[PDB]
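Q: Data: input13.cif, mmCIF, N, CA and C atoms.
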data_query
#
loop_
_atom_site.label_atom_id
_atom_site.label_comp_id
_atom_site.auth_asym_id
_atom_site.auth_seq_id
_atom_site.Cartn_x
_atom_site.Cartn_y
_atom_site.Cartn_z
N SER A 229 -36.46 -87.13 10.47
CA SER A 229 -37.20 -87.90 9.47
C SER A 229 -37.64 -89.24 10.04
N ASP A 230 -36.77 -89.90 10.81
CA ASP A 230 -37.16 -91.17 11.43
C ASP A 230 -38.35 -90.98 12.37
N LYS A 231 -38.31 -89.94 13.20
CA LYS A 231 -39.41 -89.69 14.12
C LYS A 231 -40.70 -89.38 13.37
N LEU A 232 -40.60 -88.63 12.27
CA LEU A 232 -41.78 -88.37 11.46
C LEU A 232 -42.36 -89.67 10.91
N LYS A 233 -41.49 -90.58 10.45
CA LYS A 233 -41.99 -91.86 9.95
C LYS A 233 -42.69 -92.68 11.04
N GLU A 234 -42.12 -92.72 12.24
CA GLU A 234 -42.76 -93.47 13.32
C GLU A 234 -44.14 -92.88 13.65
N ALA A 235 -44.21 -91.55 13.74
CA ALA A 235 -45.48 -90.91 14.07
C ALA A 235 -46.51 -91.13 12.97
N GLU A 236 -46.09 -91.06 11.70
CA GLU A 236 -47.01 -91.31 10.60
C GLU A 236 -47.53 -92.74 10.64
N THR A 237 -46.65 -93.70 10.94
CA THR A 237 -47.08 -95.09 11.07
C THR A 237 -48.16 -95.24 12.14
N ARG A 238 -47.92 -94.65 13.32
CA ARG A 238 -48.90 -94.75 14.40
C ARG A 238 -50.22 -94.08 14.01
N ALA A 239 -50.14 -92.92 13.35
CA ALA A 239 -51.35 -92.22 12.93
C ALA A 239 -52.16 -93.06 11.95
N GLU A 240 -51.48 -93.70 10.99
CA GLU A 240 -52.18 -94.54 10.03
C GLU A 240 -52.84 -95.73 10.71
N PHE A 241 -52.13 -96.36 11.65
CA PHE A 241 -52.72 -97.43 12.45
C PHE A 241 -54.02 -96.96 13.11
N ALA A 242 -53.95 -95.81 13.79
CA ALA A 242 -55.13 -95.29 14.48
C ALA A 242 -56.27 -95.02 13.51
N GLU A 243 -55.96 -94.47 12.33
CA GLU A 243 -57.01 -94.11 11.38
C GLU A 243 -57.69 -95.35 10.81
N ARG A 244 -56.91 -96.39 10.51
CA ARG A 244 -57.51 -97.65 10.07
C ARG A 244 -58.39 -98.24 11.15
N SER A 245 -57.94 -98.17 12.41
CA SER A 245 -58.81 -98.56 13.52
C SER A 245 -60.11 -97.77 13.50
N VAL A 246 -60.02 -96.45 13.28
CA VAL A 246 -61.22 -95.61 13.23
C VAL A 246 -62.20 -96.15 12.21
N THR A 247 -61.71 -96.38 10.99
CA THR A 247 -62.60 -96.79 9.90
C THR A 247 -63.23 -98.15 10.18
N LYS A 248 -62.43 -99.10 10.69
CA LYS A 248 -62.97 -100.42 10.98
C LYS A 248 -64.03 -100.37 12.07
N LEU A 249 -63.79 -99.58 13.13
CA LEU A 249 -64.80 -99.44 14.17
C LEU A 249 -66.06 -98.79 13.62
N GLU A 250 -65.91 -97.81 12.72
CA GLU A 250 -67.08 -97.18 12.12
C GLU A 250 -67.91 -98.19 11.34
N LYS A 251 -67.26 -99.06 10.56
CA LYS A 251 -68.00 -100.09 9.83
C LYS A 251 -68.72 -101.04 10.78
N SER A 252 -68.04 -101.46 11.85
CA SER A 252 -68.69 -102.34 12.83
C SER A 252 -69.90 -101.67 13.45
N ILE A 253 -69.77 -100.38 13.77
CA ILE A 253 -70.88 -99.63 14.33
C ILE A 253 -72.03 -99.59 13.34
N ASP A 254 -71.73 -99.38 12.05
CA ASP A 254 -72.76 -99.40 11.01
C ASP A 254 -73.56 -100.70 11.04
N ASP A 255 -72.86 -101.84 11.01
CA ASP A 255 -73.55 -103.13 10.98
C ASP A 255 -74.43 -103.30 12.21
N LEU A 256 -73.87 -102.98 13.39
CA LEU A 256 -74.62 -103.12 14.63
C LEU A 256 -75.84 -102.21 14.61
N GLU A 257 -75.67 -101.01 14.06
CA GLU A 257 -76.74 -100.02 14.02
C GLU A 257 -77.92 -100.54 13.21
N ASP A 258 -77.63 -101.11 12.04
CA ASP A 258 -78.70 -101.65 11.21
C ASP A 258 -79.41 -102.79 11.91
N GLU A 259 -78.64 -103.68 12.54
CA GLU A 259 -79.26 -104.82 13.21
C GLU A 259 -80.15 -104.37 14.37
N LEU A 260 -79.68 -103.42 15.17
CA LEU A 260 -80.50 -102.92 16.28
C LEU A 260 -81.78 -102.26 15.79
N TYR A 261 -81.69 -101.45 14.73
CA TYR A 261 -82.89 -100.78 14.24
C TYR A 261 -83.91 -101.80 13.74
N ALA A 262 -83.46 -102.82 13.00
CA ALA A 262 -84.39 -103.84 12.53
C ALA A 262 -85.02 -104.59 13.71
N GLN A 263 -84.20 -104.91 14.71
CA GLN A 263 -84.70 -105.56 15.92
C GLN A 263 -85.83 -104.75 16.54
N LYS A 264 -85.62 -103.45 16.73
CA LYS A 264 -86.66 -102.62 17.33
C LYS A 264 -87.88 -102.47 16.44
N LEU A 265 -87.70 -102.46 15.12
CA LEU A 265 -88.87 -102.42 14.24
C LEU A 265 -89.76 -103.64 14.50
N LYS A 266 -89.16 -104.83 14.49
CA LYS A 266 -89.97 -106.03 14.68
C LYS A 266 -90.47 -106.15 16.12
N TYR A 267 -89.71 -105.61 17.08
CA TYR A 267 -90.18 -105.55 18.47
C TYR A 267 -91.46 -104.73 18.58
N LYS A 268 -91.46 -103.54 17.99
CA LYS A 268 -92.66 -102.72 18.06
C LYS A 268 -93.81 -103.37 17.32
N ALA A 269 -93.53 -104.06 16.21
CA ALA A 269 -94.58 -104.81 15.53
C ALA A 269 -95.22 -105.85 16.45
N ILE A 270 -94.41 -106.70 17.08
CA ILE A 270 -94.97 -107.76 17.91
C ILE A 270 -95.66 -107.19 19.15
N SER A 271 -95.18 -106.05 19.66
CA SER A 271 -95.82 -105.45 20.82
C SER A 271 -97.19 -104.89 20.45
N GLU A 272 -97.25 -104.14 19.35
CA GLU A 272 -98.52 -103.65 18.85
C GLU A 272 -99.49 -104.80 18.63
N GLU A 273 -99.01 -105.91 18.07
CA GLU A 273 -99.93 -107.01 17.77
C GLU A 273 -100.43 -107.70 19.04
N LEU A 274 -99.58 -107.81 20.07
CA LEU A 274 -100.08 -108.31 21.35
C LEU A 274 -101.16 -107.38 21.90
N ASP A 275 -100.93 -106.07 21.77
CA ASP A 275 -101.94 -105.09 22.18
C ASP A 275 -103.23 -105.27 21.37
N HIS A 276 -103.11 -105.54 20.06
CA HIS A 276 -104.30 -105.75 19.24
C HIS A 276 -105.09 -106.94 19.78
N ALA A 277 -104.39 -108.03 20.12
CA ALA A 277 -105.08 -109.18 20.69
C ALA A 277 -105.81 -108.77 21.98
N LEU A 278 -105.18 -107.91 22.78
CA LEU A 278 -105.85 -107.42 23.98
C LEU A 278 -107.12 -106.64 23.60
N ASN A 279 -107.05 -105.89 22.49
CA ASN A 279 -108.23 -105.19 22.01
C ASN A 279 -109.31 -106.21 21.70
N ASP A 280 -108.88 -107.37 21.21
CA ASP A 280 -109.82 -108.45 20.94
C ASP A 280 -110.52 -108.79 22.26
N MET A 281 -109.74 -108.92 23.35
CA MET A 281 -110.35 -109.15 24.66
C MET A 281 -111.41 -108.12 24.96
N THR A 282 -111.17 -106.86 24.60
CA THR A 282 -112.20 -105.84 24.80
C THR A 282 -113.44 -106.08 23.95
N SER A 283 -113.26 -106.43 22.67
CA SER A 283 -114.41 -106.73 21.81
C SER A 283 -115.25 -107.90 22.31
N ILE A 284 -114.61 -108.97 22.78
CA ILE A 284 -115.32 -110.13 23.34
C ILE A 284 -116.32 -109.74 24.43
N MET B 1 -101.29 -112.38 18.18
CA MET B 1 -100.64 -112.64 16.91
C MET B 1 -101.79 -112.82 15.91
N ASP B 2 -101.52 -112.81 14.60
CA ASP B 2 -102.60 -113.01 13.63
C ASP B 2 -103.22 -114.39 13.83
N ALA B 3 -102.37 -115.37 14.14
CA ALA B 3 -102.84 -116.72 14.40
C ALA B 3 -103.78 -116.72 15.59
N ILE B 4 -103.45 -115.93 16.62
CA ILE B 4 -104.33 -115.80 17.78
C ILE B 4 -105.66 -115.19 17.37
N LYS B 5 -105.62 -114.16 16.52
CA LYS B 5 -106.86 -113.55 16.04
C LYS B 5 -107.76 -114.62 15.45
N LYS B 6 -107.22 -115.37 14.48
CA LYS B 6 -108.00 -116.41 13.81
C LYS B 6 -108.50 -117.46 14.80
N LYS B 7 -107.65 -117.84 15.76
CA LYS B 7 -108.05 -118.85 16.74
C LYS B 7 -109.28 -118.38 17.50
N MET B 8 -109.22 -117.18 18.08
CA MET B 8 -110.38 -116.71 18.82
C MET B 8 -111.58 -116.64 17.89
N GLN B 9 -111.36 -116.24 16.64
CA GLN B 9 -112.48 -116.11 15.71
C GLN B 9 -113.18 -117.44 15.46
N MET B 10 -112.44 -118.49 15.11
CA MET B 10 -113.10 -119.75 14.80
C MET B 10 -113.79 -120.25 16.06
N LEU B 11 -113.13 -120.18 17.21
CA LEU B 11 -113.70 -120.70 18.45
C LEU B 11 -114.97 -119.96 18.87
N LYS B 12 -114.91 -118.62 18.92
CA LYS B 12 -116.07 -117.81 19.29
C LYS B 12 -117.21 -117.97 18.29
N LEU B 13 -116.89 -118.05 17.00
CA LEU B 13 -117.94 -118.15 15.99
C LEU B 13 -118.60 -119.52 16.04
N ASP B 14 -117.82 -120.59 16.18
CA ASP B 14 -118.41 -121.91 16.41
C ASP B 14 -119.24 -121.93 17.69
N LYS B 15 -118.83 -121.18 18.72
CA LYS B 15 -119.62 -121.09 19.94
C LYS B 15 -120.98 -120.47 19.65
N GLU B 16 -120.98 -119.34 18.95
CA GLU B 16 -122.24 -118.69 18.59
C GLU B 16 -123.07 -119.58 17.67
N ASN B 17 -122.41 -120.28 16.75
CA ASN B 17 -123.09 -121.22 15.86
C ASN B 17 -123.80 -122.32 16.66
N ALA B 18 -123.11 -122.88 17.65
CA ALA B 18 -123.71 -123.94 18.47
C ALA B 18 -124.88 -123.39 19.27
N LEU B 19 -124.70 -122.22 19.89
CA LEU B 19 -125.80 -121.60 20.62
C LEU B 19 -126.98 -121.35 19.69
N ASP B 20 -126.70 -120.93 18.46
CA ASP B 20 -127.76 -120.57 17.52
C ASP B 20 -128.49 -121.81 17.02
N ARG B 21 -127.78 -122.92 16.83
CA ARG B 21 -128.47 -124.17 16.54
C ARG B 21 -129.31 -124.59 17.73
N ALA B 22 -128.82 -124.33 18.95
CA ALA B 22 -129.63 -124.56 20.14
C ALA B 22 -130.94 -123.78 20.07
N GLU B 23 -130.88 -122.49 19.71
CA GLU B 23 -132.12 -121.72 19.72
C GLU B 23 -133.01 -122.03 18.51
N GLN B 24 -132.45 -122.40 17.36
CA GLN B 24 -133.32 -122.83 16.27
C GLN B 24 -134.04 -124.13 16.63
N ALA B 25 -133.32 -125.07 17.26
CA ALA B 25 -133.98 -126.24 17.84
C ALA B 25 -135.07 -125.82 18.82
N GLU B 26 -134.77 -124.83 19.67
CA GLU B 26 -135.76 -124.36 20.63
C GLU B 26 -136.98 -123.75 19.95
N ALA B 27 -136.78 -123.11 18.79
CA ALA B 27 -137.90 -122.61 18.00
C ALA B 27 -138.75 -123.76 17.48
N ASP B 28 -138.10 -124.82 17.00
CA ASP B 28 -138.86 -125.99 16.56
C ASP B 28 -139.61 -126.61 17.73
N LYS B 29 -138.98 -126.59 18.91
CA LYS B 29 -139.61 -127.08 20.13
C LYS B 29 -140.85 -126.25 20.47
N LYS B 30 -140.75 -124.93 20.31
CA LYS B 30 -141.90 -124.05 20.55
C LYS B 30 -143.03 -124.37 19.58
N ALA B 31 -142.71 -124.52 18.29
CA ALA B 31 -143.74 -124.90 17.33
C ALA B 31 -144.30 -126.28 17.65
N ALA B 32 -143.54 -127.10 18.38
CA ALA B 32 -144.02 -128.42 18.76
C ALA B 32 -145.01 -128.33 19.91
N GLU B 33 -144.69 -127.53 20.94
CA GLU B 33 -145.70 -127.28 21.96
C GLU B 33 -146.92 -126.61 21.37
N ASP B 34 -146.74 -125.80 20.32
CA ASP B 34 -147.90 -125.21 19.65
C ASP B 34 -148.78 -126.29 19.04
N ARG B 35 -148.18 -127.18 18.25
CA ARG B 35 -148.94 -128.27 17.64
C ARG B 35 -149.64 -129.10 18.70
N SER B 36 -148.94 -129.37 19.81
CA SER B 36 -149.54 -130.12 20.91
C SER B 36 -150.73 -129.38 21.48
N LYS B 37 -150.63 -128.05 21.60
CA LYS B 37 -151.74 -127.26 22.11
C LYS B 37 -152.96 -127.36 21.21
N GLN B 38 -152.78 -127.22 19.89
CA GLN B 38 -153.94 -127.35 19.01
C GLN B 38 -154.51 -128.76 19.06
N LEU B 39 -153.64 -129.78 19.16
CA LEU B 39 -154.14 -131.15 19.21
C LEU B 39 -154.93 -131.41 20.49
N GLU B 40 -154.46 -130.89 21.62
CA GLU B 40 -155.20 -131.04 22.87
C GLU B 40 -156.51 -130.26 22.85
N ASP B 41 -156.51 -129.07 22.23
CA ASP B 41 -157.74 -128.32 22.08
C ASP B 41 -158.76 -129.11 21.27
N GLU B 42 -158.32 -129.69 20.15
CA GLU B 42 -159.22 -130.49 19.33
C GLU B 42 -159.71 -131.71 20.09
N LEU B 43 -158.83 -132.34 20.88
CA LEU B 43 -159.24 -133.50 21.67
C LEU B 43 -160.30 -133.14 22.70
N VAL B 44 -160.12 -132.00 23.39
CA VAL B 44 -161.09 -131.58 24.39
C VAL B 44 -162.43 -131.23 23.74
N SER B 45 -162.39 -130.52 22.61
CA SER B 45 -163.63 -130.22 21.90
C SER B 45 -164.32 -131.49 21.43
N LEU B 46 -163.54 -132.48 20.99
CA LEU B 46 -164.12 -133.75 20.56
C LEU B 46 -164.74 -134.49 21.74
N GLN B 47 -164.10 -134.45 22.91
CA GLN B 47 -164.69 -135.04 24.11
C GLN B 47 -166.01 -134.38 24.46
N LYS B 48 -166.07 -133.04 24.37
CA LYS B 48 -167.33 -132.34 24.60
C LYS B 48 -168.38 -132.79 23.60
N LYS B 49 -167.99 -132.92 22.33
CA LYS B 49 -168.93 -133.38 21.31
C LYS B 49 -169.44 -134.78 21.63
N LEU B 50 -168.56 -135.67 22.08
CA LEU B 50 -168.96 -137.04 22.39
C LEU B 50 -169.92 -137.08 23.58
N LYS B 51 -169.67 -136.27 24.60
CA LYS B 51 -170.56 -136.26 25.76
C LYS B 51 -171.92 -135.70 25.38
N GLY B 52 -171.94 -134.62 24.59
CA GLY B 52 -173.19 -134.14 24.06
C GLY B 52 -173.88 -135.18 23.20
N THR B 53 -173.10 -135.95 22.43
CA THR B 53 -173.62 -137.07 21.65
C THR B 53 -174.39 -138.04 22.53
N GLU B 54 -173.76 -138.48 23.63
CA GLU B 54 -174.40 -139.48 24.48
C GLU B 54 -175.66 -138.91 25.13
N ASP B 55 -175.60 -137.63 25.53
CA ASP B 55 -176.76 -136.97 26.11
C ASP B 55 -177.91 -136.89 25.10
N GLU B 56 -177.61 -136.47 23.87
CA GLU B 56 -178.63 -136.45 22.83
C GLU B 56 -179.21 -137.83 22.60
N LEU B 57 -178.34 -138.84 22.59
CA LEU B 57 -178.78 -140.23 22.40
C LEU B 57 -179.79 -140.63 23.46
#
Produce structure tokens that represent the structure in this file.
A:
Amino acid sequence: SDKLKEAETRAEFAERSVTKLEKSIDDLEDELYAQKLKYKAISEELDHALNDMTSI
Amino acid sequence: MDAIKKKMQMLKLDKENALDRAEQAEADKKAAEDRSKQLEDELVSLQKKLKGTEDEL
């Protein structure tokens, strides 16, 4: 019974670690996706300005 | 950037505007050489009339 309690404690520790890392990954994931959205926006717009060079 | 778009627009359009005022001025200049041409034609015809006047006299 004592060994079962120790193993259960360690398993619960690991599982809480799992959940916390998953939440951190979620936050990072959202930030990276928004970053790339605005990156592609600014890149397209620099290209549009270059198109302006073509129109000139 | 959108700001860049507007910048090139105002600058290029003012450039075309200035060139176009240049050519409208040049059109007025052309009409001015025209007026000068008719005035010189009238002056030469008047000189011919005066010389014929003196000869008739």
Q: Taking only C-alpha atoms into account, what are the residues of chain B at most 10 Å from chain A, put as a list in words?
A: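 Result: residues 1, 2, 4, 5, 8, 9 and 12 of chain B.
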Q: So how many Å separate CA of residue 47 (chain B) and CA of residue 31 (chain B), to one decimal?
A: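 Pair CA of residue 47 (chain B) / CA of residue 31 (chain B) returns 24.2 Å.
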Q: Please report the interatomic distance between CA of residue 7 (chain B) and CA of residue 278 (chain A) in Å with one decimal.
A: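 Computing it gives 13.7 Å between the two atoms.
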Q: Between CA of residue 255 (chain A) and CA of residue 241 (chain A), what is the distance in Å, rounded to a tenth?
A: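 Rounded to one decimal, the two atoms are 21.6 Å apart.
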Q: For region 240-258 of chain A, which lacks atoms in the input, supply N, CA, C and O atoms and format the output as a compact mmCIF listing (two decimals), in the coordinates of the input.
A:
# COMPACT_ATOMS: atom_id res chain seq x y z
N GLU A 240 -51.48 -93.70 10.99
CA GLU A 240 -52.18 -94.54 10.03
C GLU A 240 -52.84 -95.73 10.71
O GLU A 240 -53.97 -96.10 10.38
N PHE A 241 -52.13 -96.36 11.65
CA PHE A 241 -52.72 -97.43 12.45
C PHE A 241 -54.02 -96.96 13.11
O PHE A 241 -55.06 -97.62 13.01
N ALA A 242 -53.95 -95.81 13.79
CA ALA A 242 -55.13 -95.29 14.48
C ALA A 242 -56.27 -95.02 13.51
O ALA A 242 -57.43 -95.29 13.81
N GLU A 243 -55.96 -94.47 12.33
CA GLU A 243 -57.01 -94.11 11.38
C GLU A 243 -57.69 -95.35 10.81
O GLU A 243 -58.92 -95.37 10.63
N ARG A 244 -56.91 -96.39 10.51
CA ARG A 244 -57.51 -97.65 10.07
C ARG A 244 -58.39 -98.24 11.15
O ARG A 244 -59.48 -98.77 10.87
N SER A 245 -57.94 -98.17 12.41
CA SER A 245 -58.81 -98.56 13.52
C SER A 245 -60.11 -97.77 13.50
O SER A 245 -61.19 -98.34 13.69
N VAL A 246 -60.02 -96.45 13.28
CA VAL A 246 -61.22 -95.61 13.23
C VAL A 246 -62.20 -96.15 12.21
O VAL A 246 -63.39 -96.35 12.49
N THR A 247 -61.71 -96.38 10.99
CA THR A 247 -62.60 -96.79 9.90
C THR A 247 -63.23 -98.15 10.18
O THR A 247 -64.43 -98.36 9.93
N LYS A 248 -62.43 -99.10 10.69
CA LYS A 248 -62.97 -100.42 10.98
C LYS A 248 -64.03 -100.37 12.07
O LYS A 248 -65.08 -101.02 11.96
N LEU A 249 -63.79 -99.58 13.13
CA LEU A 249 -64.80 -99.44 14.17
C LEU A 249 -66.06 -98.79 13.62
O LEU A 249 -67.17 -99.16 14.00
N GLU A 250 -65.91 -97.81 12.72
CA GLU A 250 -67.08 -97.18 12.12
C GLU A 250 -67.91 -98.19 11.34
O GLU A 250 -69.15 -98.19 11.43
N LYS A 251 -67.26 -99.06 10.56
CA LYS A 251 -68.00 -100.09 9.83
C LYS A 251 -68.72 -101.04 10.78
O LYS A 251 -69.89 -101.41 10.55
N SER A 252 -68.04 -101.46 11.85
CA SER A 252 -68.69 -102.34 12.83
C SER A 252 -69.90 -101.67 13.45
O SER A 252 -70.96 -102.29 13.63
N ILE A 253 -69.77 -100.38 13.77
CA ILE A 253 -70.88 -99.63 14.33
C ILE A 253 -72.03 -99.59 13.34
O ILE A 253 -73.19 -99.77 13.72
N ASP A 254 -71.73 -99.38 12.05
CA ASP A 254 -72.76 -99.40 11.01
C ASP A 254 -73.56 -100.70 11.04
O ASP A 254 -74.80 -100.69 11.05
N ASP A 255 -72.86 -101.84 11.01
CA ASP A 255 -73.55 -103.13 10.98
C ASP A 255 -74.43 -103.30 12.21
O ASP A 255 -75.61 -103.69 12.12
N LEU A 256 -73.87 -102.98 13.39
CA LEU A 256 -74.62 -103.12 14.63
C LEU A 256 -75.84 -102.21 14.61
O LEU A 256 -76.91 -102.58 15.11
N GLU A 257 -75.67 -101.01 14.06
CA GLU A 257 -76.74 -100.02 14.02
C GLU A 257 -77.92 -100.54 13.21
O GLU A 257 -79.08 -100.45 13.64
N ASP A 258 -77.63 -101.11 12.04
CA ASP A 258 -78.70 -101.65 11.21
C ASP A 258 -79.41 -102.79 11.91
O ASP A 258 -80.65 -102.87 11.90
